[PDB]
**Student:** 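Submitted below is the structure of interest, expressed as structure tokens.
Note: hydrogens, waters and symmetry copies are ignored here, and every other heavy atom, side chains too, is used. Reminder, nothing fancy here: chain letters follow the sequence lines and each chain counts from 1.
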Number of protein chains: 2
Amino acid sequence: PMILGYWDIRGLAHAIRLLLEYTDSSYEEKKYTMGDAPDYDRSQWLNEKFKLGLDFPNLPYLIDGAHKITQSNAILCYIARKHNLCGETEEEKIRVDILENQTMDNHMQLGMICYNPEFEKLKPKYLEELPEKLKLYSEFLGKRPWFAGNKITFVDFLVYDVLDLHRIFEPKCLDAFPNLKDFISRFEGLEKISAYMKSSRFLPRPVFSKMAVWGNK
Amino acid sequence: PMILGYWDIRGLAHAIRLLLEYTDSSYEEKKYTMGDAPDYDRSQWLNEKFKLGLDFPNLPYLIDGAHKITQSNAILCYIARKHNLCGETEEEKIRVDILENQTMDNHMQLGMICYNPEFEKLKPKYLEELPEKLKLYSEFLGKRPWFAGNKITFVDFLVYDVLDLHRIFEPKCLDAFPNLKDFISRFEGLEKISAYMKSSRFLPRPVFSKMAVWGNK
Ligand SMILES: CCCCCCCC[C@@H]([C@@H](CCCCCCCC(=O)O)SC[C@H](NC(=O)CC[C@H](N)C(=O)O)C(=O)NCC(=O)O)[N+](=O)[O-]
Ligand SMILES: CCCCCCCC[C@@H]([C@@H](CCCCCCCC(=O)O)SC[C@H](NC(=O)CC[C@H](N)C(=O)O)C(=O)NCC(=O)O)[N+](=O)[O-]
């Protein structure tokens with residue numbers, strides 16, 4: 001069994017958890033609990049942070065035998081390589097590469113306003129730009145069933161996560177993009193994905209850690 | 001010829017420029033000049049931002065025939081795929097994947113304190129953590145000639161950019177890590193890399209855009 005180590009939140013591990021479930025990967029989760037305010041005790045993680053053999057210790061981390069991987073996108077790429085979910089044509093690889101980085105940027109942008117204490121002042125400005133960001137995703141997808149082409153790749157798990165987070169934040173934001181709504185439906189309708197969302201292992205909340213102004217609970 | 005579009009600064013294009021030079025890639029650069037304070041006029045880019053056919057318009061961008069790529073890591077991966085600089089074994093790919101993301105995180109951390117107006121208050125705290133960060137790179141490299149193994153990969157260009165920026169910021173930071181200094185020497189000693197650094201095309205400064213508190217000039 002692989003070990004997925006991360007906080008007891010959704011955060012950056014959501015797509016890793018979904019990709020593990022979809023690939024029928026045998027795994028165990030090591031969950032770290034963060035303390036409440038004002039200290040936000042990370043001692044549970046910080047004590048074993050340098051005792052795991054990680055090259056650049058960080059959460060999330062995946063231990064799969066001899067391989068100890070950090071960086072959420074690197075963990076996703078590792079799992080996707082085992083089950084051929086990386087794209088085959090050069091066009092597919094370009095789409096995967098762009099999206100892997102683009103979704104990270106969109107997740108960071110949301111996370112920055114959510115972790116800022118002036119979240120209430122920044123929120124309306126973020127909401128004005130949100131339709132423009134979502135429009136790029138709607139357009140890039142187009143008539144395709146999946147984001148890289150006709151086959152599902154790990155970037156579909158990343159795009160789904162960004163779309164789901166924005167629908168948690170602003171529920172009406174996907175209403176203008178029918179193909180984005182259809183993509184969420186198609187992704188959630190996958191047999192393993194559907195089973196995992198009904199199970200007890202499913203952890204859709206909290207969206208961020210206890211230190212966030214939005215999504216801490 | 002491929003077209004590399006980016007601001008007239010070093011920024012996120014430094015490793016792309018170096019990788020293009022090392023691979024003997026035929027390319028042209030489209031440089032966008034940002035205006036001075038307080039407006040910081042990005043009209044040169046904003047006018048043709050939606051007229052290039054880019055799926056997710058951004059700087060840097062690479063146009064190579066039918067392929068229009070955005071996201072610096074995606075551009076690097078595209079070029080590296082053409083010249084087999086992505087890693088062959090699974091161990092090498094894991095190293096490349098970790099580093100591609102890890103170097104992006106280190107670049108973002110330096111960029112966040114350099115774009116913050118309280119740069120002078122944040123700088124000493126960032127300098128206390130810097131030895132710990134550099135130690136991880138020194139330990140990950142070990143006795144290897146390159147970061148992924150014995151062969152040079154595109155992540156060596158990314159790591160070099162991170163190390164070089166930190167030595168521009170605090171010059172004595174690499175003195176404690178002899179193998180990191182040796183890596184810089186070995187990377188800069190490559191025939192194409194050495195030739196490009198002596199040429200007029202070389203753009204090592206400004207480190208960041210005009211809006212940055214540090215590295216704007
Ligand atoms: C606020 C920072 C910018 C927005 C971040 C958006 C995503 C947030 C993530 C993260 C929360 C970040 C908190 C920032 C500081 C908040 C306090 C303030 O406000 O100063 S969780 C994972 C986080 N690891 C990474 O960030 C390594 C990311 C790497 N590229 C990857 O993808 O693996 C962690 O817990 N590390 C433990 C450790 O270092 O030992 N999450 O989901 O909670
Ligand atoms: C705010 C934290 C600091 C930014 C992170 C540090 C790296 C900086 C980069 C950047 C400068 C940004 C600085 C912002 C500052 C704000 C200030 C304030 O409003 O408060 S490159 C230029 C930038 N490109 C990206 O961001 C593409 C990133 C992508 N993940 C990749 O890897 O392609 C751009 O302009 N693109 C055209 C567009 O606008 O769409 N650089 O090297 O100059």
Side-chain angles (χ1 to χ4, degrees), chain A residues 2-7 11-20 22-23 25 27 29-30 49 52-87 93 96-108 111 148 153-159 161-162, chain B residues 15 71-78 80-81 85-109 133 136-137 139-141 144 146-149 153-159 161-162:
Chain A
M2 305 172 170
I3 301 179
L4 176 63
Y6 192 62
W7 299 111
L12 295 174
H14 197 56
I16 303 162
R17 287 165 180 141
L18 292 165
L19 185 62
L20 284 163
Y22 176 81
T23 55
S25 282
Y27 75 98
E29 285 197 69
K30 169 70 172 190
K49 176 176 191 178
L52 298 166
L54 302 178
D55 301 287
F56 297 86
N58 218 327
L59 295 175
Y61 71 80
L62 183 74
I63 315 290
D64 182 31
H67 300 117
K68 302 175 190 64
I69 308 113
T70 55
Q71 294 288 331
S72 57
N73 284 346
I75 300 171
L76 285 165
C77 286
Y78 175 75
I79 298 162
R81 267 195 307 275
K82 288 190 174 326
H83 312 101
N84 203 9
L85 299 175
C86 288
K93 295 194 194 86
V96 163
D97 287 347
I98 294 175
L99 281 177
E100 171 193 339
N101 289 284
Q102 179 62 46
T103 55
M104 183 58 85
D105 278 7
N106 288 120
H107 202 132
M108 288 284 292
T153 57
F154 77 89
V155 299
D156 288 295
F157 295 73
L158 280 173
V159 177
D161 176 26
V162 171
Chain B
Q71 293 287 333
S72 56
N73 283 346
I75 301 171
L76 285 165
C77 285
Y78 175 74
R81 268 194 307 272
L85 299 176
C86 288
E88 292 130 9
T89 82
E90 183 67 16
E91 186 179 335
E92 291 186 338
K93 293 195 196 84
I94 294 167
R95 287 177 72 95
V96 161
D97 286 348
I98 295 175
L99 282 176
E100 171 192 339
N101 290 281
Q102 180 63 43
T103 55
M104 182 58 82
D105 278 5
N106 294 117
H107 204 130
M108 288 284 294
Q109 294 158 2
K133 294 180 198 185
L136 298 170
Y137 279 107
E139 288 203 318
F140 190 58
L141 178 61
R144 289 168 191 85
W146 307 105
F147 272 88
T153 58
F154 78 89
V155 299
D156 289 295
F157 295 73
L158 280 172
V159 178
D161 183 39
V162 180

**Student:** Residues two or more places apart in sequence or in another chain: which of them pass salt bridge (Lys or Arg N to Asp or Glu O under 4.0 Å) with A:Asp161?
**Tutor:**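 With sequence neighbours excluded, A:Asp161 shows a salt bridge (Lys or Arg N to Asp or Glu O under 4.0 Å) to A:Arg10, given in chain and number order.
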**Student:** If we count only N and O atoms by modelled type, under 3.5 Å, do the side chains of A:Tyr78 and A:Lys82 hold a donor and an acceptor together?
**Tutor:**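 Judged by distance alone, the side chains do pair up.
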**Student:** Is there side-chain contact between A:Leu59 and A:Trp7, with heavy atoms separated by less than 4.5 Å?
**Tutor:**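 In short, these two side chains touch, coming nearer than 4.5 Å.
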**Student:** Does the side chain of A:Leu52 reach to within under 4.5 Å of the side chain of A:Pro57, using non-hydrogen atoms?
**Tutor:**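 A:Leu52 does not reach A:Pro57 side chain to side chain.
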**Student:** Can you see which heavy atom on A:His83 is nearest to which on A:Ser25, and at what distance?
**Tutor:**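 Closest pair (atom of A:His83, atom of A:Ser25, distance): CE1-OG, 3.5 Å.
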**Student:** Taking the cut-offs as 6.0 angstrom to the six-membered ring centre and 45 degrees off its axis, would you call B:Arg95 and B:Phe147 a cation-pi pair?
**Tutor:**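 Cation-pi check for B:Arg95 and B:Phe147: fails.
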**Student:** Could you tell me the separation between the CE atom of A:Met108 and the CE atom of B:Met108, rounded to the nearest 0.5 Å?
**Tutor:**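 It comes to 4.0 Å.
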**Student:** With side chains defined as the heavy atoms from C-beta onward, is the minimum distance between A:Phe154 and A:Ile79 less than 4.5 Å?
**Tutor:**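 Of all side-chain heavy-atom pairs linking A:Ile79 with A:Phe154, none is under 4.5 Å.
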**Student:** Looking only at heavy atoms, what is the nearest atom pair of A:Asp55 and B:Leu136, with distance?
**Tutor:**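 Of all heavy-atom pairs spanning A:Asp55 and B:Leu136, the closest is O-CD2, 3.6 Å.
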**Student:** Taking atom types as modelled, find out whether B:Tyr137 and B:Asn106 have a side-chain donor-acceptor pair closer than 3.5 angstrom.
**Tutor:**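 A pair is found: one side chain offers a donor N or O, the other an acceptor, under 3.5 Å apart.
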**Student:** Just wondering, more than 12 heavy atoms not from B:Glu91 lying within 6.0 Å of its CD?
**Tutor:**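 Atom CD in B:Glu91 is not packed in, count stays at 12 or less.
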**Student:** How long is the straight-line distance from CG of A:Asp64 back to CD1 of A:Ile69, given to the nearest 0.5 Å?
**Tutor:**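 Taking CD1 in A:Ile69 and CG in A:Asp64, the distance rounds to 6.5 Å.
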**Student:** What distance separates A:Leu54 CG from B:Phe140 CZ, expressed to the nearest 0.5 Å?
**Tutor:**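 The CZ atom of B:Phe140 is 11.5 Å from CG of A:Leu54, to the nearest 0.5 Å.
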**Student:** Do A:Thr70 and B:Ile98 come within less than 4.5 Å of each other through their side chains, counting heavy atoms only?
**Tutor:**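 Side chain of A:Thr70 against side chain of B:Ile98, heavy atoms only: contact under 4.5 Å found.
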**Student:** Side-chain contact test, heavy atoms from C-beta onward, threshold under 4.5 Å: evaluate it for A:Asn58 versus A:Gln71 and give yes or no.
**Tutor:**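 SC-SC contact between A:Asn58 and A:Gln71 confirmed.
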**Student:** Measure across A:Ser72 and A:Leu12 and return the closest heavy-atom pair with its distance rounded to 0.1 Å.
**Tutor:**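 Heavy-atom minimum between the residues: CB-O, 3.9 Å.
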**Student:** What is the distance from atom OG1 of A:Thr23 to atom CG of A:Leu85, rounded to the nearest 0.5 Å?
**Tutor:**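 If we round to the nearest 0.5 Å, A:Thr23:OG1 and A:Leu85:CG are 7.5 Å apart.
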**Student:** Grab the two heavy atoms, one from B:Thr153 and one from B:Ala148, that are nearest each other, plus how far apart they are.
**Tutor:**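 Heavy atoms of B:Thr153 and B:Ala148 come nearest at OG1-CB, 3.6 Å.
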**Student:** Where do B:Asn73 and B:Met104 land on the side-chain contact (heavy atoms from CB on, under 4.5 Å) test, with the steps shown first?
**Tutor:** CA-CA 9 Å; B:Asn73 283 346; B:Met104 182 58 82; 3.8 Å; yes
**Student:** Mind checking ring pair (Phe, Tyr, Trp, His ring centres under 6.0 Å) for B:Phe157 and listing every partner two or more places apart, or none if nothing turns up?
**Tutor:**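 Scan of B:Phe157 (ring pair (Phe, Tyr, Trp, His ring centres under 6.0 Å), adjacent residues dropped) gives B:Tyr22, B:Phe187.
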**Student:** Heavy atoms only: give me the nearest B:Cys86-B:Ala80 pair and the separation to one decimal.
**Tutor:**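 Looking at all heavy atoms of both residues, the shortest contact is SG-CB, 3.6 Å.
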**Student:** Decide, yes or no, whether a salt bridge links A:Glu29 with A:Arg17 under the criterion of side-chain N to carboxylate O below 4.0 Å.
**Tutor:**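 Looking at A:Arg17 together with A:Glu29, the answer is yes, because their closest N to O distance falls below 4.0 Å.
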**Student:** Holding to salt bridge (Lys or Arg N to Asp or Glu O under 4.0 Å), I want the full list of residues that pass it with A:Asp156, two or more places apart in sequence or in another chain.
**Tutor:**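 Checked A:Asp156 against salt bridge (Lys or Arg N to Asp or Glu O under 4.0 Å); zero matches.
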**Student:** For B:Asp105 and B:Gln109, does a side-chain donor sit closer than 3.5 Å to a side-chain acceptor?
**Tutor:**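 No - no donor-acceptor pair under 3.5 Å links their side chains.
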**Student:** Is any side-chain heavy atom of B:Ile94 closer than 4.5 Å to one of A:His67?
**Tutor:**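 Result yes, sub-4.5 Å side-chain heavy-atom pair found.
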**Student:** With a 4.5 Å heavy-atom cut-off, do A:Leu99 and A:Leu158 have their side chains touching?
**Tutor:**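 No, too far: nothing below the 4.5 Å cut-off.
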**Student:** I would like to know whether A:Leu4 and A:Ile16 meet side-chain contact (heavy atoms from CB on, under 4.5 Å); could you show each step before the answer?
**Tutor:** CA-CA 8 Å; A:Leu4 176 63; A:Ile16 303 162; 3.8 Å; yes
**Student:** So do B:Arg81 and A:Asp97 actually touch side chain to side chain, heavy atoms under 4.5 Å?
**Tutor:**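 Counting from C-beta outward, A:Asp97 and B:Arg81 do come under 4.5 Å.
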**Student:** Considering all heavy atoms of both residues, which atom of A:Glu100 and which atom of A:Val155 are nearest to each other, and what is their separation?
**Tutor:**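 The pair with the smallest heavy-atom distance is N-CG1, 3.9 Å.
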